[PDB]
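Engineer:
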Amino acid sequence: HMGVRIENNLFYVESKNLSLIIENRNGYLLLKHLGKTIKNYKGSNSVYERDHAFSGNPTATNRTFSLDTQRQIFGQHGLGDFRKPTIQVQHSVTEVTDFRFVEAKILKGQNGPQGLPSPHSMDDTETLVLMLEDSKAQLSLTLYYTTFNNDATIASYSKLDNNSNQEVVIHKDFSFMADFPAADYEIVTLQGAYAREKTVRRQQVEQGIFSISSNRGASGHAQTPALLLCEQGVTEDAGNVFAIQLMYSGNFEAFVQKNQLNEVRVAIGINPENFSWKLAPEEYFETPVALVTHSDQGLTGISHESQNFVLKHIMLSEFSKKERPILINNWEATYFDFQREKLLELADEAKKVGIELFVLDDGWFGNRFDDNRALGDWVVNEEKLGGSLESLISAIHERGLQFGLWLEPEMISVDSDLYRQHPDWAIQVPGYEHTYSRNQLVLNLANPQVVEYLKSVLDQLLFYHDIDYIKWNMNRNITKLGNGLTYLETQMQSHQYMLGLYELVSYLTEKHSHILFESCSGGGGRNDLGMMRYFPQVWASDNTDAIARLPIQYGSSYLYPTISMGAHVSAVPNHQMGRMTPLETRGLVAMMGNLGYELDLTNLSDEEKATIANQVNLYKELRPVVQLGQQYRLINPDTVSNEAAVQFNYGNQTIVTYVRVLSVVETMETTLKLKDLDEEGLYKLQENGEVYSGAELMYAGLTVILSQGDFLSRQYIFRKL
Amino acid sequence: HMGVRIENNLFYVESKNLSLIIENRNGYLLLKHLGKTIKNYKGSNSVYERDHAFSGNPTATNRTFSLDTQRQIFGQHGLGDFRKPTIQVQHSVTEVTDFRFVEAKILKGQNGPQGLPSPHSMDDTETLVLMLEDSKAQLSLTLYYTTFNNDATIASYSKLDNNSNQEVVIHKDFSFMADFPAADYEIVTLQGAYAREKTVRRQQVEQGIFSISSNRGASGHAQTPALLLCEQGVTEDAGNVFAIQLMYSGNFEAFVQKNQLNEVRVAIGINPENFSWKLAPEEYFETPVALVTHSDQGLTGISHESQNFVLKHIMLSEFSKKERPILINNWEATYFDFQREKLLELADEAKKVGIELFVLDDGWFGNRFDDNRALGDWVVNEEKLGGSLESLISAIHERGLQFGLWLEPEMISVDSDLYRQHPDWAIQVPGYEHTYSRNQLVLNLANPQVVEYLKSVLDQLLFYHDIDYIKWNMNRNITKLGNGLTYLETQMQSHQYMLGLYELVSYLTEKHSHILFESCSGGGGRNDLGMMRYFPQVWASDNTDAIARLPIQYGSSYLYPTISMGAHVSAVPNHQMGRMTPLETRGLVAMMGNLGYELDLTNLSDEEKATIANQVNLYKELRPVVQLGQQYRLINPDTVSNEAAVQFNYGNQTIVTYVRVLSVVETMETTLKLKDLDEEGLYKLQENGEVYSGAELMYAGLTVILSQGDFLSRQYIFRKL
Amino acid sequence: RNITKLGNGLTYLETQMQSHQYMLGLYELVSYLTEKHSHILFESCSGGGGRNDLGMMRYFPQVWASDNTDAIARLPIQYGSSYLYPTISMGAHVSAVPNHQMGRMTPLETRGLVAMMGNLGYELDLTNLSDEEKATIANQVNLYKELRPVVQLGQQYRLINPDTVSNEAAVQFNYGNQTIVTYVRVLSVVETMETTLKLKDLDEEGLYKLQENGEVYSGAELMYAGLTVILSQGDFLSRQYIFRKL
Amino acid sequence: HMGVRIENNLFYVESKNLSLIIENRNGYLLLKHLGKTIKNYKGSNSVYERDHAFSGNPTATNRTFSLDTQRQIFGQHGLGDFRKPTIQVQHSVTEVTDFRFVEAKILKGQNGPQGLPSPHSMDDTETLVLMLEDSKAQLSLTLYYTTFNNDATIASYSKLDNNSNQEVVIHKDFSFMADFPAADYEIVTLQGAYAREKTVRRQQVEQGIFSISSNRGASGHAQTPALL
Ligand SMILES: OC[C@H]1O[C@H](OC[C@H]2O[C@H](O)[C@H](O)[C@@H](O)[C@@H]2O)[C@H](O)[C@@H](O)[C@H]1O
Ligand SMILES: OC[C@H]1O[C@H](OC[C@H]2O[C@H](O)[C@H](O)[C@@H](O)[C@@H]2O)[C@H](O)[C@@H](O)[C@H]1O
Ligand SMILES: OC[C@H]1O[C@H](OC[C@H]2O[C@H](O)[C@H](O)[C@@H](O)[C@@H]2O)[C@H](O)[C@@H](O)[C@H]1O
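Residue numbers (the working numbering), protein chains in the order written: chain A, 1 to 721; chain B, 1001 to 1721; chain C, 2001 to 2246; chain D, 3001 to 3228.
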């Protein structure tokens, strides 16, 4: 049984197979247990209260109670706890608060912060409401913890109210914290770089502080808002994992602190860097939603828990179980150099090979002949498009293709009519030159006039044109913060920018819910759960190399479902890596994600066209298995591995893709075992007609055979009889 | 369904959850699968046949079939396979054989080599009999594989027949081999040293050859006949483990060879060192029994599989589930300096504290006043014992105590009547001085006159005296091999010694089956599964230090059940380590094994006596849980750990012992989680009366609290309600 | 091939002797011929590196290090083959693409530079090459004539080792006033800072003129600061830095 | 200064920057030091002689001297040392030998086994000749250690003579052995495969035995006769 329970001084937050048990101890909240379900909790794992030197006390005479040594669910500075704080508020001459628990309530159903992406489908949830007060400062802090009945996840966020007669300023306000008992731990994170997104990093927890953070005003290519605290020795198949994640696309921090006693704190939230928040009397602040997810089935277990929760409670219901169209995108195919004739030629060829959707990328608006101008001028270039956009769209519809369009709303070029009319709309500092990035500037979405203008322009574009799909890019990070009327307002503008973004995108996604929106940021520059609340797929990476893609897809689907993960077959030599790969391998790698194409189909041989049509035919069959099915990593592509293998199960269908990076000689063939089959099941392998029991495939596995050569791949397809 | 099946060219050997599937390929036997059960095996994991350079072929025209590259179940040298061989026979001018499969049979029930310890309780087994022949050499090799219906174990051994007209000579004949597919593996072994027995070693499998072996004529203190080939990343709780073990107490070898292609061979058997075996026409040779055991539940899983199989099919039925008596042994207590008065005083005190059995150790026979003489003179020293042995025994019986006696049958002192009468009975080389060890020599048990004499002397001792328990020591290794009439007979004498031992001990254990026999070899010098077929417990180590014992008991119960593992509370400062430990800790450590006492109870304070009586009271209660119950390692004592914790479950009883080696300060208390409880079960902790659900104990665990100081311990006792 | 089916003795003991006697017979044979024809350069071989040991190298002053003539597969092979044995012994030939063992295309520049870390030869059908490939080979031959003493007679310093985890290989040779460094990268990388490659065993105060840019660097700079190693996009690229001490 | 020196019961084999110092202890040869040059060696790193359980003795009354525990330069089986042996000879009904040191000589210049490849340019070398005998078996074992003045290398090999009236059979005869003191070590070897020759392998030394070997009648693609 699940939901929230209040029993004497214990609070139980109970999701499926995951409990958070909190004790009220004279106004202080103690984390008693976070993990597998325990009813009638007694306190076997209670902290032993002793005098720890230099760990101080709320009263003079009791040296054994210290907030330096108690496990907690939020952190303050200045009351004796010296671990990193997660709430810190300036008021009067101090930034000491002392929030004490005063009252708990339980809500049922939908619940979340205003103006920030939060879980949906909440009919079967309950929320613990822990109301804390600092009576001297006259502030309220309210903590929310939400159960899910169908997932091992709890969601959290807080609300800070200013009930005093003066302005106060928030300096730190994380969305989730947990004090875990001394033990050996490892952490997994997703880091990497542009064209290397979501690189899986694993390391030992060491004394001191480890963090990942973004100060770029987007979550960034190089860090994802995720941190997995794992049992020492965790594998794909076994061990305890706790994943903490943030539904936020701005500046964030995740940290792990191992303190002097070997205790471990973890927390995630809005980055303290580039953040302060002014509250006038009666005003309040709500933090983004954090998630804590648990598995005892290792890294595959946490992948599955995380993917499920995202699919059911974050990704838009309209798309979360909807097969996504196989597209063509002209970007790598033509860059900015195209016109109506080329587009329709490309469309004709896409149609021949059975592609479903045609995406017109950058270069259709203003005078956007290169990447040095025109951002901000969302006006159709009718000369380039050889007529109205309406006219191009009908042309595309008549050819049997859905129609998609690229936007980059959050940006403005110096050389643009927009910048000529409103230079003050750029993020900038009075009396400092611009910092440039891809020769463009960032619109100040903290300015409500900017948001209203973008709502208006885009509403107009989407209502007046039959567009089936939007690709929403964002191609630089935020510099030169100085648009406030005061320092505090500038310190607010990065979070306000985010609120403006979320207002903009929630409005458009809602008022045009039939359109499939794909998020983008030079590929994977902002691929987080904040964006995925509104954009059910994401351009995972500008790196379209089949081999470079292996670690990228490993990371990109680690916590997020495969359905979200854009992947396109592109030309050779590849434009990022300078590499020749087999067209078969580019096909098979892209088919481990959400398939599209991004090369000039008009310039391909008859043979290459035929191959692509065969791939499109294959994926139409494989699409439900890949997009709707359960993913199992069999061999991980990392720094030391020469291989990648991923399996998908979906009812009676089981597919396995295998790739080898470098050619090898006088090396015994890999044995590749499948996962999660019926031992007694009978599995017929498509290529040889042979029937194998699930036991054989799982316990003996496949001898994987390849010719000589680099970047070869193969796929095994199984039907359960 | 389990047993043996022959289906076309496949042989299935099916134990509970473990299958060996063998293919006959034109007379060559191929290992197709060893692992979890597979029915209707098709060959997903078949070796891919290609031309491997320098891997040669039985025929001229087929370069793709090579015994260098096929996975096999026995190894020959000279047919193109260059991996280490496990059968090698000299005949005529060569030691090339080419054994080819000719015929298979299936046996039911009891089956094993003559004169060597083998499994019992075999009603529900079936044996695959694979009959091979070298027609040119006129030799037969017969392989046996036995299923068990109640254990994930298969047993093997072979028989070599000389069907030719000339003498032939066996050079290598292992008991089990397996070729495993290229993959990442680790190996676990039990090594260590005298007073450091069975140290658990874990390492990576690397190209080349790793081995453990004994050339000491006993298995030895420093290596156990065991080798666990593990899945990379195996833990206590998860991963595949294959344990290969040998039922043999002589010279053995276990090896792992990773060859040029990354393939891995493992094998166990009689050491080739110090071994050759002459076969006259019509003569045959049978190897000792090897075992292969499997788990997919990690190292605890393989501990359990191995312990179960030993308990049910190796250890004598008479004792395998019988609570063992709590004993006193006078060895550390008095050494050689004792007499009737001292013995009965010790007995009185043992009785007061509730000890059940009194063991008279070394020094009662011949003129054994020190360790420099008298071995071989098994004559009661009636002066020292103050009358007949019969008289001492009645005295001990009348005091309520069972009676036990120390023997060392396999040894002879230079200064002894035996040596004076028969100097040629010693293992020795004509014209070389003796090599001495503890100033004693080894009897040549390959001489049938030696065996007949020891049968006679000991039968006489056991029939004429009411002895309840024997402790059978063996205190040196074998040097100076030279008693043969030819070189070949000397090369035979180490295995013949073993056959003589097994003849001797099987005879006595059988003809006196009411007596509990404890094996010994300066503690753990010969603690293997050969000895444990006859001796249901073993003096695990001369190291009776409570702390030094931690890693020793870890190793000693790794594959063998706790019931076998002798452990005695001894005096402080400890005689081996020079260390003071709490009497509580010596008690609790010894109670993780088969409890006895070995200190001068007459010299203890009133307080220490009281404590011992309380420990004896406690263990009477804990004995079934420890000796009959299921063992779970919670914290392993190794080189880097400051801790040890072991749990035992037995029906409604759950106990956990925790020891800390070094005192620590400003270090958070350990959280200790229990295993294998009912989540919903209610567990009442004896010390505080508190009731905890199994979920809490398993998922939250116990905060472990201790004072300041070294070598402290505690025990938590739980009753399931 | 390797030796199977031991059974030529008149007794078991003589068969047990025949493998060592085989060796004694080999050594008698090869010492005789190498001695009676000492002007001839003998190269030992055994499907490449099947018998590359110090017994053979007493008589055969070079050895075909490997049948694998792939430029990239050669990296770990040359690492091992010159680990204890001098570079002069280590046969290495520029071969055709796609490579016959690995099935791989590599730049002719890389096949040249990898083979020039050993004892250079060629092993491809020169009659079937383009005019351009011929020209390149003539340039490589010209280069190696210059580099030969440095490589064969000079002192070798491993700077980056090609192993299972490394994406790189770099080897330096010093010979009097000459210092060369070869660098190879196996897989193309993106958004990865350039490697810093430091040289070894120079004079701190020495002045080293880099051939490609004419710049003069003190030995201290080359050893303690090192070279930013720059490459285009692509797999199996290589470069060589050549230094003259002034 | 380099070459060979005999000073009381110590033998010094001195190459450039590498010394092998051997002690004759009542016929038994002990490895005292192998490493950087030491003159006037005293024995700071001598084995401490104690009773090790199950390590046996040449005489009845001295439990502290054992060939199981002494560091040596050649290994026999059956005299109490249980480490892998490097000389093992069958004669009569046994393969127990007990070779004892009887005499040392020093050679200068060219020197090597007949019919096997050996060092050249040996003008500036000296060879320690350690003559051992098993008087019961009537066998001689002679160990040679050669200095080089221009290299930190010592070369070794042995000669076994049958001085008895019967056929004898050599079962093991390695060319070099060394007992090194307990410490943490790693080993490097060159292994690999055809088309992957001489793959550098590095690993930790662990309790038990590690080996590389060829049984192919050639040294082989997959292992080189080297161990670091
Ligand atoms: O401009 C359209 C383009 O926008 C995003 O990529 C931006 C990157 O494109 C090129 O790779 C360029 O070389 C890079 O420097 C630049 O960051 C988007 O992710 C692309 O899909 C495409 O739409
Ligand atoms: O002699 C009886 C004794 O025998 C075995 O132990 C032999 C060891 O005893 C002492 O520890 C001695 O110091 C050691 O050198 C010697 O090896 C047996 O294991 C002991 O229980 C005891 O019976
Ligand atoms: O036959 C001449 C050839 O001999 C040696 O190589 C033998 C190998 O040649 C091919 O690679 C063949 O495919 C292999 O199977 C065979 O082992 C020598 O090393 C070569 O240089 C060449 O002379």
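In this text, a Cβ means the ideal position worked out from N, Cα and C, and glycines have one as well.
(1) Do the stretch 1595–1604 of chain B and the stretch 1345–1361 of chain B touch if we need at least three Cβ pairs shorter than 8 Å?
(2) Applying a beta-carbon distance threshold of less than 7 Å, which residues of chain A neighbour C:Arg2104?
(3) What does C:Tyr2012 touch in chain B if you count any residue whose Cβ is under 9 Å from its own?
(4) If you measure from each residue's Cβ to the nearest non-hydrogen atom of ligand 3, which ones come out under 6 Å, in chain order?
(5) Assuming C:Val2190 and A:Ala571 form a contact by the criterion Cβ under 8 Å, report the distance between their Cβ atoms to the nearest whole angstrom.
(6) Could you pull the start and end residues of the beta strand (DSSP E) that A:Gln191 belongs to?
(7) Identify every run of the beta strand (DSSP E) within the stretch 590–640 of chain A, keeping only runs that are complete inside it and at least 3 residues long; order them along the chain.
(8) Please state whether the Cβ-Cβ distance between A:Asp545 and A:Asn574 is less than 8 Å.
(9) Would DSSP call D:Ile3170 helix, strand or coil?
(10) Is the beta carbon of B:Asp1371 within less than 7 Å of some heavy atom of ligand 2?
(11) Identify, in the order they occur along the chain, each residue of the same chain with its Cβ nearer than 7 Å to the Cβ of B:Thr1300, setting aside the five sequence neighbours on each side.
(12) Give a yes or no on whether the C-beta atoms belonging to A:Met474 and A:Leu443 are separated by under 8 Å.
(13) Where does the unbroken alpha helix (DSSP H) through D:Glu3014 begin, and where does it stop?
(14) Taking the alpha carbon of A:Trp364 as the reference point, which residue from A:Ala347, A:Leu79, A:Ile552, A:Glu382 has its own alpha carbon closest?
(15) Is any beta-carbon of chain D found at less than 8 Å from that of A:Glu666?
(16) A:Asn308 lies in the alpha helix (DSSP H); which residues open and close that run?
(17) Going by the beta-carbon positions, is the gap between C:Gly2112 and C:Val2094 smaller than 8 Å?
(18) Verify the contact flag: B:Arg1633, CB atom, against every heavy atom of ligand 4, threshold strictly below 7 Å.
(19) Counting C-beta neighbours from all protein chains within 10 Å, is the total for A:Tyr534 16 or more, i.e. buried, or is it exposed?
(20) Considering only the alpha carbon of each residue, which of A:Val129, A:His91, A:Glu206, A:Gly525 lies closest to A:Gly109?
(21) For A:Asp361, verify whether its CB is less than 7 Å away from any heavy atom of ligand 1.
(22) Sorry if obvious, but does the Cβ on B:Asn1475 come closer than 7 Å to a heavy atom of ligand 2?
(23) Cβ of D:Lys3198 less than 8 Å from any chain C Cβ?
(24) Cα-Cα, which of B:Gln1076, B:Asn1329, B:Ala1395 is closest to B:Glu1518?
(25) My output table needs one value for A:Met177: the three-state DSSP class, helix, strand or coil.
(26) Which of the three DSSP states, helix, strand or coil, is assigned to A:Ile563?
(27) Just the Cα atoms here: how many angstroms apart are A:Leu583 and A:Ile547?
Structural biologist: Looking at the atomic coordinates:
(1) yes
(2) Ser663, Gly709, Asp710
(3) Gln1090, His1091, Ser1092, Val1093, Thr1094, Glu1095, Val1169
(4) B:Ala1053, C:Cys2045, C:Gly2047, C:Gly2048, C:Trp2064, C:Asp2067
(5) The pair is not a contact, with the Cβ atoms about 16 Å apart (cut-off 8 Å).
(6) 185–193
(7) 594–598, 630–635
(8) yes
(9) strand
(10) yes
(11) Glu1236, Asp1237, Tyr1632, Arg1633
(12) no
(13) Segment 3010–3015 is the beta strand (DSSP E) holding D:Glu3014; no alpha helix (DSSP H) there.
(14) A:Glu382
(15) yes
(16) 298–313
(17) yes
(18) For ligand 4, the structure offers nothing, since it holds only ligand 1, ligand 2 and ligand 3.
(19) buried
(20) A:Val129
(21) yes
(22) yes
(23) yes
(24) B:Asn1329
(25) strand
(26) helix
(27) 12 Å
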